[PDB]
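Take a look at the letters that make up each chain.
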Amino acid sequence: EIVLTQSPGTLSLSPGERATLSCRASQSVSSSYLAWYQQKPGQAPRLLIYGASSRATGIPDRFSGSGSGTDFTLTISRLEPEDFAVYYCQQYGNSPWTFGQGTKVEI
Amino acid sequence: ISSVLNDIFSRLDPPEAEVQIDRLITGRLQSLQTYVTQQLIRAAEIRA
Amino acid sequence: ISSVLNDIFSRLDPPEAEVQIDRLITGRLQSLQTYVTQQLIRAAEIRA
Amino acid sequence: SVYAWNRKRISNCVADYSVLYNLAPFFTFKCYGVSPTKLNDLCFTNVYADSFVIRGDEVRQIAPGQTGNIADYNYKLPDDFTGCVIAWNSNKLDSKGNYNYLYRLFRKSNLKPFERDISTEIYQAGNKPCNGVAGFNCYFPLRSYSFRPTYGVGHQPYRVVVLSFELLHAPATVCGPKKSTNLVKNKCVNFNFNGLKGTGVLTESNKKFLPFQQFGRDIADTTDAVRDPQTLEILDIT
Amino acid sequence: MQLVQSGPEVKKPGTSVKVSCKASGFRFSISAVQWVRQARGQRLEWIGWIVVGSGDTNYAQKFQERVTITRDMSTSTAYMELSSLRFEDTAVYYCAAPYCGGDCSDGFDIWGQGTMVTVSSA
Amino acid sequence: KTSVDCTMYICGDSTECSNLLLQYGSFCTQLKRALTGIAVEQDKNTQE
Amino acid sequence: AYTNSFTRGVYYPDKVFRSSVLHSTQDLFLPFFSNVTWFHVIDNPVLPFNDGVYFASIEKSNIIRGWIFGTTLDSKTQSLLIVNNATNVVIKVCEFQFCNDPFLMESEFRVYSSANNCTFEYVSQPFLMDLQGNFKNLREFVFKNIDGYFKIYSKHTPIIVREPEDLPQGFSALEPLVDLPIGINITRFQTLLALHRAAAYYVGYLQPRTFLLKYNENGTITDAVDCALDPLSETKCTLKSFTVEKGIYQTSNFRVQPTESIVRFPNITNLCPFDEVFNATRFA
Amino acid sequence: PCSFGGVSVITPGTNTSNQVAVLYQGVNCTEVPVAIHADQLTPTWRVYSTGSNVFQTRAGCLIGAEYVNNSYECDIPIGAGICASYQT
Ligand SMILES: *[C@@H]1O[C@H](CO)[C@@H](O[C@@H]2O[C@H](CO)[C@@H](O)[C@H](O)[C@H]2NC(C)=O)[C@H](O)[C@H]1NC(C)=O
Ligand SMILES: *[C@@H]1O[C@H](CO)[C@@H](O)[C@H](O)[C@H]1NC(C)=O
Ligand SMILES: *[C@@H]1O[C@H](CO)[C@@H](O)[C@H](O)[C@H]1NC(C)=O
Ligand SMILES: *[C@@H]1O[C@H](CO)[C@@H](O)[C@H](O)[C@H]1NC(C)=O
Ligand SMILES: *[C@@H]1O[C@H](CO)[C@@H](O)[C@H](O)[C@H]1NC(C)=O
Ligand SMILES: *[C@@H]1O[C@H](CO)[C@@H](O)[C@H](O)[C@H]1NC(C)=O
Ligand SMILES: *[C@@H]1O[C@H](CO)[C@@H](O)[C@H](O)[C@H]1NC(C)=O
Ligand SMILES: *[C@@H]1O[C@H](CO)[C@@H](O)[C@H](O)[C@H]1NC(C)=O
């Protein structure tokens, strides 16, 4: 069973800064399937960067995402006050498809 | 379907071959009618 | 059903549009024939 | 199976169609371009019969100009079909439960008339390649039927046979029983050569027909020569 | 392009519950639907996924004797039944499917609004 | 002096109609012949 | 290398007999004065197979024996095979894995490693049939695929000059040979060239046109015109005569063609509730 | 409806030569009636216009002939007082 360990737990930048996250994996997963999500409080999530590099439709170019093998990162260029949510990383390469832990970005 | 009446009979069935027969008959009649009209009009010339 | 060929074929299927298309085509052909025959008759006047 | 349907040529054989009415009541006998009753009066060329088996409710999908799963991924008749159709509800044979009847389910684009697609490769519904293993956006085309009894008529097995036979009498090969009289010449006589009919005076001729080149024709497009079937002579009909 | 889910509903322990996911605005004959349960303020959890046309399913090990994910092409919906409810099953259940016109979108970018179910005894 | 287009007249911007019309016969050949003869004769009269 | 077709490649369009008449068909032909590719050997590409192909050869000993068709020529899709051995001919629509070396009294399996799912076979008298020098064999062929049928035409004729090695003048029609009820999808094509240790073959693709054929009193096609080459030819077509008199003739119109398509339905998205039209508890 | 019109072919008879001239009925020479690139029926025809060919009459555009400035008897009538012929 693939286990993903999303770190760091909480990150606290001021708006206008540079943010990074992580989805270090247990075994190796095909880069074909891995997606990051953004979960505003009280909402369903949404898809940001599917396929580990490609941006989803209708998304600002601030979000990048990268990495393959066992390490994947997501970098936000500048922090505007509506990017403060909880971000999940989900693999669906081989069964079962499992999620991350969360990573809260605050002020 | 085709242009051969014996062919139409040998293939279709008299409840539903007469439709094609009517198409054919109507067309041949129109052809003859046009011919006779043109001959009349030309005979007028030759008489003059 | 209608005088618009596109509409006739938009609504009906090929095994059923042929009768209607046949009717329209024969009618237009007849109108053209009337026009030509009238003009031929009427040109003899001008020739005389 | 429907996705790989057999096909058998018929040739050089006096073919009667009287026998086939001796069946369980055909769930369908349509004949699309020639009436079934007068099927012993014609000489054909290259009669072709090809067969398969499908489910109940889909039987009405085997007809020119229809759409639906079978008609666009498994078997498609052309618009100007000319042949007959049979189907007769085999449930005493093909149901127990049975699971070696198969049919396609996914495909990029529709078929073309009278085309057989046999390949079993992983369907790829997305932009990213598959390496021969199922997964998300990576499926298998085929699916089994599972004809068990007590599913009612809607889901019960059904055999189907369709006959397609081209109908202009090029050198004829297959046609139904009829006697043969000795031919007479130079007398106004009712004739019926191979399928033609009408009156005329059959004489000798000087034309030369190529081996593929069977009955001549004239300006108004009416037969006026013919290769007599048994003694391959060339005659003139007037 | 949207999914519409059922409404909130409270059950007593031991019973069974059935959740449904509408589908409208896209080509449903190709897509797949997955189910994700999230408790209050916790992480997300996985349940299982189904391919629509074929009907094949897959489940998590934990949810192996309590889930039957079935669809219905006619009305274009996907259903989920949870049996033998317990106190630990009270959460919000979501439903997601890739956008799929001529081609699917390589990622679940259509998410339903999520429904609630409370396993209580009062 | 006039002239006419069968296809444009009967078959208004429809292709199915043109394919079905082209198997009728030589009606437009005949009409075009007739009108052309009339048109030439009109010049002949003024010349004379 | 390209050369120009020079009014070649007509075939008897139907199996009836006609004499002292002019006939106007409409079918797939090779346009007059076309642009054909030119290969020399002393080269076996994989050429596309559009609607149809015209093939010719000028060659003394049969360095080339047969063809292979198919959509990918690998072993995941079906594909034809026609090999003409010493005394017969073999046709299989079967499944093949063609070896990259296609050259063939050498090994016949030099072309393919294995065969499965074999569908339709056929053996008969071989196509190569030509009768010492002072001439060269000119074989011509037409391959066409419609509605699940594959048809082959043929002709051959000794030739006189070898100096330019370009397609000679003249007019010879192609008698129908065989029709096959295969069931496949054809896109690509390659020839099987057999070298054991001086020939040229051409290729031209077919299109839908209209011709005006002439039959002599023996019943052979000895002339034709392309109804769309140029204004004179279409004048001849519309007058139904190989000779045009002095004057001004009116032939056909001209219509600018559409470029694209447009759809403008209204932008609402609900479903009207058929689910109580059908499924109502109680019909009144 | 998209533009359309008739066409007429001037020939001296195949027994003398094979050059033809083409008259487009009731169009304007300025705009190229054929619009060579634009898809249309009469497809293979590409009578490429040059300086000598194009000449506009009342009847229409006449492509394929040069307008001399003499006067002769009529040979092949065209319309509006303009004739045509095959000469040195
Ligand atoms: C026959 O096979 C070819 C390829 O084996 C198919 O060609 C494809 O057609 C689609 C539709 O235009 C294109 O998007 C693909 O790029 C084509 N593939 C190739 C390799 O060119 C063709 O569709 C098949 N025909 C049928 C009726 O299935
Ligand atoms: C039977 O047919 C063969 C060829 O089909 C022919 O040679 C033979 O004369 C026929 N016998 C008759 C007509 O008695
Ligand atoms: C044949 O094609 C070549 C290049 O593709 C071109 O230069 C040549 O003019 C063409 N020949 C004809 C007759 O169009
Ligand atoms: C040619 O092929 C046929 C059929 O495979 C075979 O019977 C025959 O012997 C072959 N001829 C030679 C010379 O190998
Ligand atoms: C074709 O042959 C291969 C040989 O392994 C087999 O696996 C495949 O099932 C065959 N196809 C059919 C339709 O039987
Ligand atoms: C037509 O046939 C006759 C007799 O078969 C022959 O004499 C004549 O030469 C033939 N015509 C031509 C043009 O070959
Ligand atoms: C063809 O032209 C020649 C002169 O070159 C003439 O003698 C002959 O009569 C003409 N024939 C026809 C049929 O026009
Ligand atoms: C053609 O166009 C020019 C300029 O647009 C104009 O002067 C001329 O009169 C036009 N010809 C006709 C026949 O309208």
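About the cut-offs
- Residues numbered from 1 in each chain as written, not as in the entry; some residues may be left out.
- Chains lettered and ligands numbered in written order.
- Part of a larger assembly, values for the part shown.
- Heavy atoms only, no water.
- Helix = DSSP H or I, 4+ residues; strand = E, 2+ residues; numbered from the N terminus.
- Rg over C-alpha atoms; globule rule 2.2 N^0.38 Å.
- Buried < 20%, exposed > 50% of the residue type's maximum accessible area, 1.4 Å probe, protein only.
- Contact = heavy atoms within 4.5 Å.
- Areas by Shrake-Rupley, 256 points an atom, 1.4 Å probe, with all protein chains shown as cover.
- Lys, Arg positive; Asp, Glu negative; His and termini not counted.
- Charge placed at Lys NZ, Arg CZ, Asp CG, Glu CD.
- Disulfide = S-S within 2.5 Å.
- UniProt positions renumbered as here; feature names shortened; annotations may be inferred.
- Near = heavy atom within 4 Å.
- Nonpolar A, V, L, I, M, F, W, Y, C, P; charged D, E, K, R; others polar.
- Buried area = accessible area lost by both parts, 1.4 Å probe.
- Salt bridge = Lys/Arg side-chain N within 4 Å of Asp/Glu carboxyl O.
- Polar contact = N/O pair within 3.5 Å; in protein donor to acceptor, adjacent residues only side chain to side chain.
- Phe/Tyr/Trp six-rings, centres within 6.5 Å; stacked < 30°, edge-to-face > 60°.
- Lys NZ or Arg CZ within 6 Å of the ring centre and 35° of its normal.
- Pairing = 2+ DSSP bridges.
- Axes fitted to C-alpha atoms, helices over the stretch in contact; angles between N-to-C directions.
- Patch = residues over 30% accessible without salt bridge, like charges linked within 9 Å, V, L, I, M, F, W, Y side chains within 5 Å.

- Labelled according to the PDB entry, chain F appears under the name Spike glycoprotein, originating from Severe acute respiratory syndrome coronavirus 2.

- As recorded in the PDB entry, chain A goes by the name UT28K-RD Fab light chain, listed as coming from Homo sapiens.

**A closer look at the overall build of chain A**
Move 1: Across its full length, chain A holds 0 helices and 10 strands.
Move 2: N-terminal to C-terminal, the α/β element order of chain A is β-β-β-β-β-β-β-β-β-β.
Move 3: Taking 13 Å as the expected radius of gyration for a compact globule of 107 residues, we find that chain A reaches 13 Å, a close match to that expectation.
Move 4: Expressed as lengths along the three principal axes of its C-alpha atoms, the size of chain A is roughly 35 × 25 × 25 Å.
Move 5: When each of the 107 residues of chain A is scored for burial, the buried share is 48%.
Move 6: Contacts spanning at least 24 positions in sequence make up 50% of the contacts within chain A whose residues lie at least 6 apart.
Move 7: Approximately 4,900 Å² of chain A is accessible, and the part contributed by carbon and sulfur atoms is 49%.
Move 8: Here chain A contributes 8 positively and 8 negatively charged side chains, and the mean placements of these two sets differ by 2 Å.

**Some points on the UniProt feature "disulfide bond" in chain F**
Residues and elements named next belong to chain F.
Move 1: The disulfide annotated by UniProt between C6 and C28 is present in this model, the sulfur-sulfur separation being 2.0 Å. A residue pair is termed long-range when its members are at least 10 positions apart, and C6 in helix α1 (residues 6-10) and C28 in helix α3 (residues 27-47) qualify at 22 residues.
Move 2: UniProt pairs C11 with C17 in a disulfide, and the coordinates agree: the sulfur atoms lie 2.0 Å from each other.
Move 3: On the basis of relative accessibility, which here comes to 1%, the residue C17 falls in the buried class.

**Section: the state of the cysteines**
Move 1: Taken as a whole, this structure holds 12 disulfides over all chains when the rule is applied.
Move 2: Between the sulfur atoms of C227 of chain G and its disulfide partner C237 of chain G the distance amounts to 2.0 Å. Since a negative S-S torsion denotes a left-handed disulfide, the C227 of chain G-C237 of chain G link at about -105° is left-handed. Of this pair, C227 of chain G sits in the loop between β21 (221-226) and α1 (231-239) while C237 of chain G sits in helix α1, placing them 10 residues apart in sequence. In terms of burial, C227 of chain G and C237 of chain G fall into one category: buried.
Move 3: The disulfide that involves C74 of chain H links it to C83 of chain H, with 2.0 Å between the sulfurs. An S-S torsion of about -100° defines the bridge between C74 of chain H and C83 of chain H as left-handed.
Move 4: On the basis of relative accessible area, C83 of chain H is assigned to the partly exposed category, the value being 38%.
Move 5: With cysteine numbering restricted to those in disulfides and following the sequence, chain F has the pairing 1-4, 2-3.

**What about the site of ligand 5?**
Move 1: Taken together, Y3 and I118 of chain D together with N116 and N117 of chain G make up all the residues around ligand 5.
Move 2: Neighbouring residues of ligand 5 are distributed over chains D and G.
Move 3: Here ligand 5 has 360 Å² of accessible area as a free molecule, and 35% of this is covered by the chains.
Move 4: Its residues assigned to classes, the shell around ligand 5 comprises 2 nonpolar, 2 polar and no charged.

**Quick look at the interface of chain G and chain H**
Move 1: Facing the 23 residues of chain G at the interface are 29 residues of chain H.
Move 2: For the pairing of chain G and chain H, the buried interface totals around 2,400 Å² over both sides, and the portion due to carbon and sulfur atoms is 63%.
Move 3: On the chain G side of the interface with chain H, the three residues burying the most area are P231, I248 and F254 of chain G, jointly 30% of the side's total.
Move 4: The interface formed by chain G and chain H contains 1 salt bridge.
Move 5: Ionic pairing is found between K246 of chain G and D75 of chain H, a salt bridge with its closest N-O pair at 3.2 Å.
Move 6: Taken together, the connections running from chain G to chain H amount to 10 residue pairs in polar contact.
Move 7: For the side of chain G that touches chain H, the elements supplying multiple residues, two or more each, are α1, β22 (247-250) and β23 (254-255) of chain G.

**Considerations on the packing of aromatic side chains**
How two aromatic rings sit relative to each other is set out by the distance from centre to centre and by the angle between their planes.
Residues and elements named next belong to chain G.
Move 1: Following the criterion strictly, the structure yields 52 aromatic pairs over all chains and no others.
Move 2: Within the aromatic cluster, the residues linked to one another by ring pairs are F39, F49, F55, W67, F69, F141, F143, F150, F189 and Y201.
Move 3: Here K214 stacks its cationic end above the ring of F242, 4.6 Å away from the centre of that ring.

**Quick look at the side chain of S22 of chain A**
Move 1: With respect to the secondary-structure elements, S22 of chain A resides in the loop between β3 (19-20) and β4 (23-25).
Move 2: Setting aside its immediate chain neighbours within four residues, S22 of chain A contacts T5, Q6, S7, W36 and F72 of chain A.

**Describing the sheet that holds β21 of chain G**
All names here are of chain G.
Move 1: Strands sit in the order β3-β20-β21 across an open sheet of 3 strands; the sheet is antiparallel. Looking along the sheet, the strands with just one partner apiece sit at the ends: β3 (22-24) and β21. Strand-to-strand, the axes of this sheet are offset by a mean angle of 20°, without reference to chain direction.
Move 2: Alignment of strand β20 (residues 211-215) against β21, held across 5 bridges, turns out to be antiparallel. Residue pairing in the sheet places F211 in a bridge with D226 of β21.

**Quick look at a negative patch on the surface**
Move 1: Residues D79 and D80 of chain D together with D147 and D179 of chain G make up a contiguous surface patch of negative charge.
Move 2: Structurally, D179 of chain G can be placed in strand β16 (residues 175-180).

**Here's the deal with the interface of chain G and chain D**
Move 1: With 17 residues of chain G at the contact, the number on the chain D side is 20 residues.
Move 2: Note on chain G versus chain D: buried area summed over both sides is about 1,800 Å², and carbon and sulfur give 56% of it.
Move 3: It is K15, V16 and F17 of chain G in chain G that bury the most area against chain D; as a group they hold 33% of the surface buried on that side.
Move 4: Seen at the junction of chain G and chain D, the total is 0 salt bridges.
Move 5: In this assembly, chain G and chain D are joined by 3 residue pairs in polar contact.
Move 6: At the level of secondary structure, the elements contributing two or more residues to the side of chain G that touches chain D comprise β2 (16-17) and β16 of chain G.
Move 7: Among the residues forming the side of chain G that touches chain D, the class breakdown is 6 nonpolar, 6 polar and 5 charged.

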